[PDB]
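Student: Below: one structure in structure tokens.
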Amino acid sequence: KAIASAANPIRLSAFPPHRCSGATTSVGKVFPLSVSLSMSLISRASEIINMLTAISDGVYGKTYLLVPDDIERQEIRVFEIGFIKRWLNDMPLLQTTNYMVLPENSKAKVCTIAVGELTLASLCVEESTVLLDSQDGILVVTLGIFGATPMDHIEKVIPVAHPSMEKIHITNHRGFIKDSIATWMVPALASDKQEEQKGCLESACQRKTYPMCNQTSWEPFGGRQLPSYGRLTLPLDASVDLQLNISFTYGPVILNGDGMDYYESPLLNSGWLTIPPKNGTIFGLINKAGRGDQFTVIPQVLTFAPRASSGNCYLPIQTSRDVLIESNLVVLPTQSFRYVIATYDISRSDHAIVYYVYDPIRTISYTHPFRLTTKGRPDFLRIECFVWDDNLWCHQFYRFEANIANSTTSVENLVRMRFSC
Amino acid sequence: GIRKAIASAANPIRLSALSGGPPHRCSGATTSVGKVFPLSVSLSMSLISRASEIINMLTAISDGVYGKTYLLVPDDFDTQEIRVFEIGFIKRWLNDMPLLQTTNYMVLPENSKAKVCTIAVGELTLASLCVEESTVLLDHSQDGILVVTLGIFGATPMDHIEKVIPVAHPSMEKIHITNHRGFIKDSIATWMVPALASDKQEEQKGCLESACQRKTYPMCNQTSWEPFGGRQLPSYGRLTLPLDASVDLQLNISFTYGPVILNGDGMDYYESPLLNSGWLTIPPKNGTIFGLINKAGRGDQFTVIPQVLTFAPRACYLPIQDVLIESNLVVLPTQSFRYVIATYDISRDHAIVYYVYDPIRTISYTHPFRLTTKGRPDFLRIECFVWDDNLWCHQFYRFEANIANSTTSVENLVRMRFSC
Ligand SMILES: *[C@@H]1O[C@H](CO)[C@@H](O)[C@H](O)[C@H]1NC(C)=O
Ligand SMILES: *[C@@H]1O[C@H](CO)[C@@H](O)[C@H](O)[C@H]1NC(C)=O
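Top to bottom, those sequences are chains A and B.
Those letters in the first sequence? Residues 415 to 835, by this note's numbering.
Those letters in the second sequence? Residues 575 to 994, by this note's numbering.
Here you go:
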């Protein structure tokens with residue numbers, strides 16, 4: 415049934431910037447049409463919380479929390495998967511083909527998201543901090559592209575971690591599925607090389623002050639415990655039951671533990687481990703992350719995480735605006751290296767969702783704002799971008815509370831950006 | 575999983591079986607409580623949400639699978655209007671509400687002249703017959719019909735877009751395809767349409783003339799009957815389409831005379847508890863020229879025999895002669911024979927009031943749905959089903975507002991409960 419439900423949608427499985435400088439003109443468009451469960455719920459004024467979306471090979475997959483309408487049988491975990499079909503005017507139309515709801519006893523307050531090979535993968539936990547280490551387990555959730563299939567799984571798995579990791583911090587994490595293997599990246603904590611790396615970092619703050627070497631509480635885990643990079647591997651082989659291998663490695667200093675996405679890379683058995691910016695002081699990060707046997711995290715852009723002149727550590731480059739929320743880091747599925755970040759900007763007469771597309775090799779950055787008829791200030795912003803007909807498309811979902819209203823509004827739509835002279 | 579048909583059948587027949595499951599009189603007044611369920615993951619509902627106009631949406635519901643066909647007017651030679659097909663499930667949402675989720679859809683280009691298309695669903699498949707002109711000739715552009723088949727998911731051998739020349743009985747002359755719901759059973763899609771034939775005409779001219787020989791009806795001065803305008807009465811035509819891939823597609827057309835047909839603008843066909851049979855219903859017409867329900871054979875024998883809503887003058891049958899529009903007589907998918915019809919009533923707010931007739935107990939329930947909007951209607955279409963032993967109806971209507979210039983389309987699910 416797997417290969418039959420795979421032969422059916424291959425029919426449905428069918429450069430952005432300017433090559434030179436000068437004046438840059440950016441034209442944007444919002445495409446509102448969508449056959450998605452999430453957008454239908456948003457139209458009926460239902461409240462969607464923390465929608466994480468992953469797009470890969472023409473298949474899309476969302477996970478989010480639904481706030482019900484006087485119903486408790488207090489939030490509901492929902493998974494959604496479908497296609498990106500070509501609508502009239504060659505517009506990308508997201509059509510849901512399968513979805514699934516969890517009851518509250520599977521406790522899925524925090525869930526990851528990944529799509530690929532007509533499958534949706536998600537790791538769910540009630541508390542964000544998982545101990546490694548009464549054994550703390552993770553809820554593995556897999557959903558097929560269509561109907562009820564052996565592809566579907568709802569199991570509680572005990573992770574197989576390296577000795578010795580202590581914790582991981584699961585918040586908002588996009589992974590991806592390739593070679594029938596789902597991979598995520600999360601902030602981790604381990605005993606190995608902990609004092610050595612704080613020692614190398616402290617020997618780095620003897621030559622240059624950073625807003626971290628006096629910090630008594632580092633980001634993901636309270637106290638002065640340095641976070642590492644954790645790699646969550648989940649095979650989708652049916653030969654044996656599901657097991658979650660967790661690896662760890664030190665890389666650039668992690669200053670944001672509230673998000674760590676992972677995008678596929680043109681290099682085989684490698685990927686882009688990205689960390690979003692926060693508070694206006696923590697820069698975003700892009701790292702080369704290995705997904706094979708050896709797990710190595712090495713920076714791609716060398717100016718937001720340069721290596722220290724002495725030792726095996728990196729420099730925690732930080733900063734001592736009218737952007738309220740900003741997230742996340744999306745590496746575009748292009749052969750040329752480009753990444754995107756969207757901000758909720760209030761510097762103009764109207765509020766705007768302003769996209770920044772960085773080409774860091776040539777040190778150029780394009781920008782385009784999407785002006786909002788509504789006004790208010792957001793608590794969440796999430797982008798997932800893809801290329802469609804030589805154009806940059808982004809699925810954006812943001813959640814904001816209005817200045818004049820009492821309730822919190824959720825917004826979700828597709829946007830396109832073109833860049834010319 | 576060697577064949578996609580049975581693999582794409584093992585996955586959703588578990589989900590089409592999710593739908594599993596009218597009191598005994600009442601002392602005094604009988605209370606009916608209604609509800610509108612607006613949530614839907616349907617392409618048609620999404621298009622309506624962006625104020626795009628959907629025209630002539632025919633919907634068929636069967637075994638937990640739904641299927642729509644309609645015309646979409648976009649905003650980008652003749653018109654242009656776009657034929658759209660849609661098929662999906664009725665999944666159980668929170669609070670056990672019926673949620674229509676599209677699982678596959680398809681759009682036709684304009685070299686397929688598909689202005690008029692029938693609709694039928696069953697066995698995880700959507701079947702449709704398409705023509706530009708409603709009148710198809712079967713005589714001597716040699717009239718073919720566009721067979722359109724759509725699978726439950728993705729691109730499958732179930733999908734077909736072929737233009738077939740119908741194989742009719744000798745000799746039928748015409749059929750009139752407008753708004754016709756059929757259904758798919760035993761890998762056969764069946765529709766019923768008004769037909770025209772040479773044979774055995776004298777029997778019904780004699781019964782027809784003998785009906786007004788005691789009482790005048792606005793029918794015995796008629797020198798021209800409706801669908802084909804000629805001086806010969808239309809008959810009942812049965813369009814049979816096998817969906818087996820064992821043989822290439824062939825459109826079998828049979829015909830039989832039954833109760834006198836006075837309305838050629840619609841003829842729907844619902845499944846019946848009787849083996850190899852179904853319920854052929856004909857919609858009402860303005861005034862009180864009402865619709866009729868007949869038992870129609872679906873096997874080797876094609877017989878159309880009146881069930882309700884036709885009287886007998888001499889000892890054939892004839893139909894009975896503030897509601898602005900009304901079409902579509904729907905037989906409920908129950909073991910007991912019950913049928914539904916909803917009207918656009920303006921006697922009150924405006925309302926869509928459903929009438930559910932249970933003739934065995936000689937009882938009829940009614941319920942109005944008051945409209946927040948006001949205006950005058952151009953189209954009304956209902957398709958009803960049972961969900962948790964409750965009466966649900968998918969309704970789509972098209973009306974022109976007092977305040978606008980263009981016509982607005984509305985589509986939603988309604989439920990009706992009856993209590994004491
Ligand atoms: C993770 O550990 C398990 C158990 O040894 C193994 O099956 C799996 O291959 C490991 N993953 C990697 C990437 O080494
Ligand atoms: C359809 O027509 C062909 C030839 O007239 C015949 O072999 C077949 O039995 C017919 N089937 C039905 C259901 O009418």
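We put the CB at the ideal spot given by N, CA and C, even for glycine.
For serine 980(B), name the three-state secondary structure that DSSP assigns.
Tutor: coil
Student: Could you have a look at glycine 436(A) and say whether DSSP puts it in helix, strand or coil?
Tutor: coil
Student: Secondary structure at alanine 575(A), three-state DSSP: helix, strand or coil?
Tutor: strand
Student: Could you list which residues in chain B have their beta carbon closer than 7 Å to that of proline 517(A), in chain order?
Tutor: Under the 7 Å cutoff, chain B gives no residues; its nearest Cβ is about 11 Å from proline 517(A).
Student: By the three-class DSSP mapping on this structure, what secondary structure does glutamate 798(A) have?
Tutor: strand
Student: Leaving out five residues on either side along the sequence, give the residues of the same chain with a beta carbon under 8 Å from the beta carbon of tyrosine 929(B).
Tutor: Sequence-distant Cβ neighbours of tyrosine 929(B) in its own chain, meaning closer than 8 Å and more than five residues away, are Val914, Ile915, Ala916, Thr917, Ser938, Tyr939, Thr940.
Student: If contact means a Cβ-Cβ distance below 7 Å, which residues of the region 657-677 of chain B contact chain A?
Tutor: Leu668, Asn669, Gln675, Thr676, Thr677
Student: Considering only C-alpha positions, which residue in the set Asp471(A), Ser440(A), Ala437(A) is nearest to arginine 425(A)?
Tutor: Comparing alpha-carbon positions, the option among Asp471(A), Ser440(A), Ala437(A) lying closest to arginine 425(A) turns out to be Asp471(A).
Student: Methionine 793(B) by DSSP, collapsed to three states: which one?
Tutor: Under the three-state reduction of DSSP, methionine 793(B) is assigned to coil, being neither helix nor strand.
Student: Given 7 Å as the limit, tell me if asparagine 805(A) has its C-beta closer than that to any heavy atom belonging to ligand 1.
Tutor: no
Student: Sorry if obvious, but does the Cβ on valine 738(B) come closer than 7 Å to a heavy atom of ligand 2?
Tutor: no
Student: Given this structure, state the Cα-to-Cα distance separating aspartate 650(B) from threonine 830(B), to the nearest angstrom.
Tutor: 46 Å
Student: Measuring straight from C-alpha to C-alpha, what distance separates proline 774(A) and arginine 752(A)?
Tutor: Looking at the two C-alpha atoms, the distance is approximately 7 Å.
Student: Should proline 744(B) be counted as a contact of ligand 2 given a C-beta to heavy atom distance under 7 Å?
Tutor: Closer than 7 Å to some heavy atom of ligand 2: that does not describe the Cβ of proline 744(B).
Student: Going along the region 416-431 of chain A in order, which residues come within less than 9 Å of chain B, judged by CB to CB distance?
Tutor: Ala416, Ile417, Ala418, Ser419, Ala421, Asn422, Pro423, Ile424, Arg425, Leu426
Student: Alpha carbons only, please: which of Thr908(B), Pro893(B), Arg972(B) is nearest the one belonging to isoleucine 926(B)?
Tutor: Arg972(B)
Student: Find the residues of chain A that neighbour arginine 624(B), judging by a C-beta separation of less than 8 Å, and give them in chain order.
Tutor: Residues of chain A passing the Cβ test: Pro446, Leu447.
Student: If you count every other CB in all the chains shown that lies within 10 Å of the CB of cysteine 994(B), and 16 or more means buried, which is it?
Tutor: Exposure of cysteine 994(B) is indicated by the presence of fewer than 16 other C-beta atoms within 10 angstroms of its C-beta.
Student: Are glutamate 798(A) and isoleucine 469(A) closer than 8 Å when you measure CB to CB?
Tutor: Going by C-beta atoms, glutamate 798(A) is nearer than 8 Å to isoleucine 469(A).
Student: Does the separation of the CB atoms of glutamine 675(B) and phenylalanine 663(B) fall below 8 Å?
Tutor: yes
Student: In the DSSP assignment, find the unbroken beta strand (DSSP E) run with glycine 641(B) in it and report its ends.
Tutor: 639-647
Student: Using C-beta distances below 7 Å, list every residue in its chain close to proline 847(B), excluding the 5 sequence neighbours before and after it, in chain order.
Tutor: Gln909
Student: Anything in the region 535-566 of chain A with a Cβ closer than 7 Å to a Cβ of chain B? List those residues in chain order, please.
Tutor: For the region 535-566 of chain A, which is checked against every Cβ of chain B, the residues closer than 7 Å are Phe560, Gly561, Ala562, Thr563.
Student: Going by the C-beta, is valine 600(A) closer than 7 Å to any heavy atom of ligand 1?
Tutor: no
Student: Whether or not the region 597-604 of chain A and the region 633-649 of chain A are in contact is what I'm after, with contact meaning three or more pairs of Cβ atoms, one per stretch, closer than 8 Å; do they touch?
Tutor: yes
Student: Among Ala785(B), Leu898(B), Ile758(B), which residue has its Cα nearest to the Cα of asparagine 860(B)?
Tutor: It is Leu898(B).
Student: When you compare each of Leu545(A), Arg785(A), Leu480(A), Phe709(A) to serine 460(A) by their alpha carbons, which one comes out closest?
Tutor: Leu480(A)
Student: Determine the DSSP secondary structure at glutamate 461(A), reduced to helix, strand or coil.
Tutor: strand
Student: For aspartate 764(A), collect the residues of the same chain with a Cβ closer than 8 Å to its Cβ; drop the 5 residues on either side in sequence, then sort them by chain order.
Tutor: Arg785, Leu786, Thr787, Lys789
Student: State the start and end residues of the unbroken beta strand (DSSP E) segment that holds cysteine 781(B).
Tutor: Premise fails: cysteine 781(B) lies in the alpha helix (DSSP H), 776-783, not in any beta strand (DSSP E).
Student: From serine 542(A) to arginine 991(B), what does the alpha carbon distance come to, in whole angstroms?
Tutor: 45 Å
Student: Since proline 482(A) meets chain B, which of its residues come closer than 9 Å, beta carbon to beta carbon?
Tutor: When 9 Å is used as the limit between beta carbons, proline 482(A) is near these residues of chain B: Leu668, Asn669, in chain order.
Student: Apart from the five residues just before and just after residue 404(A), which ones in its own chain have a Cβ nearer than 6 Å to its Cβ?
Tutor: With chain A covering only 415 through 835, there is no way to say anything about residue 404(A).
Student: Name the DSSP bridge partner or partners of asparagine 701(A)?
Tutor: Its beta-bridge partners are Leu687(A), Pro713(A).
Student: Buried or exposed, going by whether 16 or more other CB atoms sit within 10 Å of the CB of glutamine 969(B)?
Tutor: Classification of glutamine 969(B): buried, given that the 10 Å Cβ count is 16 or more.
Student: Please confirm whether any heavy atom of ligand 2 lies closer than 7 Å to the CB of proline 816(B).
Tutor: Annotation for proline 816(B) indicates a beta carbon within 7 Å of some heavy atom of ligand 2.
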